[PDB]
Each structure stands twice: as C-alpha cells, then as structure tokens.
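See structure below.
Chains: A, B, C, D, E, F, G, H, I, J and K, in written order; residue numbering restarts at 1 for each.
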C-alpha cells in the first residue's frame, strides 16, 4: 500500500502457499507438478515486489493533458 | 543444444518457466498478447483433427509448439499489466494521488508529490512528458539486472 | 529503495558509484551509503579475491 | 461459390469482425469526458461527444460480416 | 514411477544377452513394439 | 546569441538522428543481402530446410529497429533553444550506434555466408551456426546501451 | 517495442481523427483496416520471432554454460512408424 | 532578420527536398538492373513464370514512391522567413530517407538475381525467396517513418 | 566563458565516448567474423570441435565489455562546466582503449584461424592454441588500465 | 592564461601521453599474429617441438611493456598549469616510442615466422635465429632510452 | 523501342530547363535562387539512374 515493510507481509503470504503446495500436489505427474508451479509463482511475485514506486526521489512528470483553458 | 551426461540434471523446468517469462517481459501489449493467444486457442481446440491432418510446410513447427505460445501469451499479458499499456493507453484502474495547482498553462514543468502509488503496477502519472520516460527507463534497467 | 534521502541530510548516492572507490581508495567510499560498511566492504573484497 | 473460405472469404469475415469490438469502447470513451483524446493543448477539441462518427463507422462491419459468414456457414 | 526433474535422474543398466537363436525374430516382434530397448553394437570393425 | 547556445546548435542534433538511423540501415542491408544470396543459392539442393535457414536475416533485422528507436528517442528532444551540449551529445550517441550496427552487420554477413555452406551437408550444426553468429547482436546492442545512457543526461538544464 | 507501438498509434489514430461524415467515414474505415493489417503482421511477427530467439540466447548461454557440464548419448528404442511418398 | 535565421535556411530546405529523391532513384535503378540482367535467362528457360517473376521489380519500385511522398511533404512547407532550425531538420530528413532507400535497393538487387535462378530448378522456392526480399522494404520503410515525423516536428516549434 | 572552461570543451568528452566503443566493436566484429568462417568450415569434417572452439568467440565479447567498462565510466564526468583539460583527458583514454582493442581484435582473429586450421588434424592441440591467444592478451588491458588511470585521476583539479 | 602557460598545452600533453601505447601495441599485435601463424603451421607437422620456439612472440611482447612504462611515467606528471614547454616535448616523446615499437614489431613478426617455419628441417637453426630476433627487439629497446632523457629534461629545464 | 525510351528520358532535360530559363533575372530574391538548381539536380540524377538501369 504505502509502507515498504508491507513487502515482507505480502511475501510471507505467498511463501505460505508455496510451501503448502510443495507438500500437496496432484498425483498426476506429481513429482513435476509439485515443482513447476512453485517456480511459476516465484518471480511472478518477486518482480511485482519491486514495482513499488514509493520512496522516490526523482521528479514526477509535468502534466500535458487537462488543457486547463 | 546438447544432451547431458549420465545422471546430469536436465533443465526441463527451467525451460518450462524462464524462457516463457523472458519472452513475456520482452513485450506486453495487451492487444498483441491477446491476439497471439487467440491463434493458440484456435489451434489447441482444432487439434482434434489437426493432429491427424497434414501439417503444412509452414505449419509443421507451428503445430509442434502450439502449447508454447499459450504460455508465451498468458505471461505476456501479466508482464504488460504492470506497464499499464494497451496500444499506449491506460484507463487509470487504481488511484495514486498527484498534486496540481488550481490552474496551469502548459509549457511549464509541474511537480506532483507522492502520497502513495499504485499497489499493483505503475501509476498513470508517467504518461506525461520526457520526464516520465527518463524515470521509467532508469527504473526498468535495474530490475532486469536484478532478475538476471 | 527502502530508505529515502530527501528527508535525510545525506544526499542520495549515485545509482552506480561504489566501484572505483573499492580499488583506488583503501576503503574510502565517499558515497556514505553506510558508515560501518566502509570498513567492511574492502574486507569482503579481500576475502573474495584471496 | 466465387469466394469461399479458401477464397479468403473467411479472412474478410474475421477482419471485419474485430472492428466493432473496439469501436464500441472508443465510442464510450468519446461519450465520457476522459480527456485522453481532446483535453490537451495539442489535441483537437471538437468536444468529447464525437462518438457518433465512430459509431457510424462500426455499422458497415456487420454488413460484410453477415454477408460473408452465411456463405462459409453453408460451406461447413 | 518417474523422476522429479530436479534431483532424480534417469537410471538404467546394461546386460549380456543369452537369447535362444530360434526366437530371434519372435523376440524382435515383441521388444520392437515398445521396449525402451537399444543395442551396444558389438558388430564393429566389420564390412557388409 | 549567448556563448551557451549559438545559432547553429540544433544542426548537430538534427543530423544526429539521420546519421544514427542511416548507418544502421546500411549495415543491416549489407548483412541481410549477403546472407540471403547464399541461403537462396544453397537451398536449391536442400529445399526441405529452407525455414530453419531463415534465422540469420530475422536476426540481422534487429539492427534496423535499434536505429529506429534511437533515432526517434533523439528526435523527441530536438529544439533550437537547446544547449550546445545537447547538440553534440546527440550526434555522439547516434554515430556510436550507427558504427556499432555497421560492424555487427558485416560480422553477421561474413559468418552467415559460410554457415549455410556448413549446414549444406548435415543438419546437426544448426546449433553451431546460431552459436557462432549469435555473438554479433551484443556488439550491435552495446552501442544502443551507450546511446540511451548518454541521451539521458541530455535532458538536464541548458544553463 | 513500447516506442514502436506508441509511434504507430500516433501516426494511425491521429490521422484517423479527420472529422468528416461524407468522405471521412470511408477514410477512417481504410485507416482502421490498414492499422489492423500492420498490427497483426509487422508489429507482431518480427517482434515475436526476434524475442523468442533472444530468450533462447538468454537461457542457453547463461544456464547451460555451467548446467550441462557433460554430454550423454541419446536413447531411441526401436519402434514402428509410418512411411509415405518420397524418393 | 535575426541572429537565428539567416537567408540560407531555404538553401538547406531545398537541398533536403531534392535529396529526398536524389538517392531513391539510384537504389531503384540498381535493383531493377541487377534483377532484369538475370531474369532474362530464367524466363527463356521456362516461358511460364514471367508473371510470377514481376515481384522483384515491382517491390523495388515502391522505394521511388517512398522518396516521392517525402519530397512532396517537404515541398508543402517551404518558405523564406522560416527558422534555420527547420532548414537543418529538412536537410537531415532528406538524406536520411534517400540513402537508406539506396541501401535497400543495393541489398535487394544482389539477391533478386540469386532468387530468380533458384526457381528454375525448385518450383516452390518462390514462396521462400519472397520472405527474404520482404526485409529489404521493411528496412526501407524506416527512413520514411522517421522522416514523416521529423517533418511534422519541424513545423510546430518555430520562432520566425 | 573563462579560458580554462571554454564552450566547446565537452565536445571532446562526447566524441570520445562513442569512439572508445567504436574502435573496439569494429575489431571484435572483424575477429569474430574471421573465426566464424574457419570454425564453420572445420566442424563439418571433425564432428566434435564445436565445444572446444569457443575461446575466440568469447574473447570477442570480452573486448566488447572492455569497451563499455571505460565508455560508461567517462560519462558521469561530462558537463558544460568542466575544463577543456577534462576533454583532453577523456579523449586520450578513449583513443587509447579503442586502438588497443582494435589491435587485439586484429591479431586474435588471425591467430584463431591459424589455430583452428590444425584443430581437425591435431586433436592434441586443444590447449596449445590458447597459448598465443592469452599471450596475445598481454596488450589486451594496457589500454584499459591506462584509460582507468587517466579518467579517475584527472577527474579533479579544475584549476 | 599566460603566454608561457596557455590553456591548449594539455592537448599536446594528453596526445603525447596516449600516443605511445597506440603504435607500440599495434606493432606488438601485428608481430604476434604474423609469428603465431608460423607456430600454428609448424605444430601439426611437428607435434614434438611446440614449447621450444615461442621466443619470437614473447620477445615481440616486450615492446608493449616499454610503451606502457614510458606512457605511465609521462602520465603521472599530468596537470593543468603546465608550461607550453611541458606540452611540446610530450607529443614527440610518445610518438617516438610508438613508431619505434611499430618498426620493431614488423621486423620481429616477419623474421620470427620465417625462422620458425624454416627450423623444422634443420635443428640447429634455432640458436641461429635467436640472435637476430633478440637484436630485432633490441632495436625497440634503443627508443626507450632516448625517451627517458627526453622526459627527464621535460622538467630539468623548468623555467615558467 | 528502348532507344526511344532513352530519347523520351532525354527530352526531360529540355522540358524543364526552358521553364527555369524563362524565369531568370538580374534582381532575384535569394529564396528563388536555390529552388531552381534543386529541381534541376533532382531531374538530372533521376535521368541518370533511369539511363543506367
């Protein structure tokens, strides 16, 4: 939201699902299904974890639309 | 590329995951990804008879990896989602909050302070002048290195 | 990314400036990212290279 | 028939089909005052209520679609 | 009955065969369908 | 005018984008032509493998888009009231990218000429062809990296 | 990709914005058709073709450099298959 | 008259406008020549594919159209009181399109002759060779796309 | 402006940045192109030399990186306020690195071609080729080190 | 600025500093390749004598060291306020070593290759060619000493 | 007929030169001093390329 410590809170929630699924996997091709999704979600989250634009020093773009006649 | 020696780990899962995510992060236009996935869905649903019908010269490899383009696109749409680009457009899904005066005439640099950006993706505020581009490029050239 | 710099007296160090210092200087960082880090960066480097 | 799916009639049908799908949303955007097409110093300012032109444009697409789909459906 | 694609690899073996000569074609029909079978060509350094 | 901004400052920026696109265009054209001639000559006796022999030209095409993107990026920051700094750095980046692209184009063409002959006998060395020729795009792209790095500083105030 | 998409959008939609209901609608139709022709063909095919092979680079020369530190010969069980017209 | 826009801005404008066609002609001529020189024997061998053999020359022609449109657009916006800035812009655009088209013509010319003769023995190499030759015009179009927007930019930002 | 900080001083800084990578990219491209034809010609005969012929192609990339490591370093010292001295010190390093890299690329391609020529005839000589290749790298950093010495040193003492 | 210490002397200073490395390195690389071709040619024929004929390249590899030592020795005396006398000498000093190294590299590169190629027939030709190659490299040596006192008097006669 | 193609190409050098010659004078605005040679050079080079091909 606005606090960068929220990253740890939203990280632990996904890590819990990851560890839970590592144990619970469908029996159909279980030994590869249990390992695929856990990586399909890893960066899936990590690259989102860095999208946070907060704590930004650089200036923000001047406005161009909203003509304001 | 080459076979591995005896009892040498094969990079099956790395191929399943990384290469599609790489291709997705290559480009993420919503329309382009959706359109590309349209052909993938058509091919996979018609595979009932395509599997048996003759594969054209240009269609041999295409039919070979019909299930790959699906992953390509399903990751491309997400990768572009954080970029908030649909043919260079954005509906301002979330709200971030930005400061502007009561009135302003263009041609002047206008500063807007941050009180919290989009929880997911980047805010629409970077749709302005070259300042937005020269911030976005610096932002993006770092995450690539980190992820690599 | 975590710690801001406008509110802090220390200005934001350059995106990539901690490279030349590790070699020419015996530990002088000149970017002031962290005080104690100055005396341990060269130490980490010397374990790495040895 | 003179033009069929192998005569690229199906290509014409699919080409015409995917026009209204976005002309509808662009007409909605014009109807709304999203100022993402006219509310700028450089953008032409004829008023957001110009969705009538785009809506008119969307009309002809069904003309091609319905005509060219019936023949191919007869083929299948 | 497979590998995990992370740590477990393929594990296999080789043997010396002592098959009867008369069932060579008989055995071939069977193992030729799907047997995961390959031969170490001892018939080397020989001409047609 | 002031020594900061003489009259003909924007001339350099204007010529920069043209040169940047143009050198890359020359390099890409040379490479693609010299490769395609060989590919089409060879495929006659190996026509089955035409499609897998097309990778070199689609590879070489990227230099053109590199030039286009750098040229448009430079053009976005053109003006007559700009700083003479912002007249020279533009041409510097443009010529860097152009010459890098030209070198990459020559290398790719030279390698591809013999690659197809090598593959003309057996299909194994497809990987070898790609591996040998896949070290030129890095050269061609380093110019783009440095160009975008330089032009970033351009935006700073003229004073 | 971002820049090329932006420039194509700018040179297509703005041109299409010509306000005229007597001859402008047909011009908009033609521009709309060519915009699709280019979006599907040249803003997708070449880009994806380049992207997949660049990703193949980024995977191979990075992982396999220290991953496939060895080579093993292939296994190919003898099995039946179809044959058809040929030399 | 000011220190910004001397009288030889129209010099640059006119030279750029002329250059917009001064080169494309050379590339088109080179491509057409190197295609026609070889097309003759192949047509002689099989007097049935000349219609299918028109693709190279026609595809080489359109670079001339590329040059023509650029020249006409530049001519639309020529004057004498314009800022020298605009003159420099037009000068750049002209050559940028011109010898880019020249490079495209040189590239297509060398490959047209190779492609035509291949068909004489491989009937279905026709589809193959067109893929290769497309990239020539794909390259050529970039000069036009950059130049049209450069010309557009040359208009709004003016001072005299 | 002051005689020590003229208006055209950063022109040298801007040009040198491009030249430093240009004079290395051309050399790397030439070397890799020369090696590619030889490796492609040889691999078909002896079907195992792909993996054990990777040295020169990666040394080309090393030269390419050698370009960037110096090119980027000089960027942040540039500006409209530094002295003409800054431009001189920048261009000196740029030309030094560029020409040293060019010499390295010129030698490496020829030596690699010669070495791979006998590769299919001396399966023993799978390390003796690297002998000269590394011994040919004796000058591969002299330009780099002198450029680093100049840049980080003369980046001060404005007066 | 003053007449004895103008602002454009650092141009000559920097060119002199950076010119010594260039030509010496070029000659070194030229000799390296032109001789290593001979080693590669002889190795297949003689896979027995492959660690006893590397003298030519290594001897050709010392001129680079010479050019580097002179270069850095000049460089460490780099500063803004220098007399025009300071900038005058350095360019000559750098170019002298550069071209002397180039000249030595050419001769060593060709002679070492010729000798190593011809040595495969008769064994004793090795010691025969050693002296001529070492003298060829000594030719390069002779430039450095002159450069030395050149640098020394670049400041031993300091006036203003 | 290719020879008459060449002749028709050559006619261009006259059908244009006469026009510009018709509009030359002593006192001329410098703006209308370069456009003429701009047109002439373009026509000349186009003719040269056509003839070469």
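Here, a residue touches a chain if its C-beta (ideal position, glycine included) is under 8 Å from a C-beta of that chain, and two chains touch if they have at least 3 such contacts.
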The chain whose mean C-alpha position lies nearest the overall protein Cα centroid is chain F
Between H-K and E-G, the pair joined by more C-beta contacts: H-K
Using the average of all C-alpha atoms in each chain as its centre, how far is it in Å between chain C and chain H? 54
What is the distance, in whole Å, between the centres of chain F and chain K, each centre taken as the mean of its C-alpha atoms? 37
Chain D and chain G: spacing of chain centres that average the CA atoms, whole Å: 24
For chain C, what residues touch not just one other chain but two or more? none
Chain K, residues touching no fewer than two other chains: none
Which positions in chain A are in touch with at least two other chains? 32, 35, 50, 52, 64-67
Chain H-facing residues of chain K, complex: 29-31, 34-35, 37-39, 41-42, 45-46, 48-50, 52-53
Chain A partner, complex, touching residues on chain B are 12-13, 16-17, 21, 25, 78, 82, 98, 100, 103-106, 108-123, 125-129, 131-132, 135, 138-139, 143, 146-147
Chain B residues touching chain E - in the complex, by the definition given at the top: 6-10, 12-13
Residues of chain G that touch chain D when the two form their complex: 17, 19, 21, 24-25, 28-29, 32-33, 36
Would you pull the chain I residues touching chain F in the complex into a rising list? 1, 7-8, 10-11, 14-15, 17-18, 21-22, 25-26, 28-30, 32-37, 39-41, 43-44, 47, 50, 57-58, 60-61, 64, 67-68, 71-72, 75, 78-80
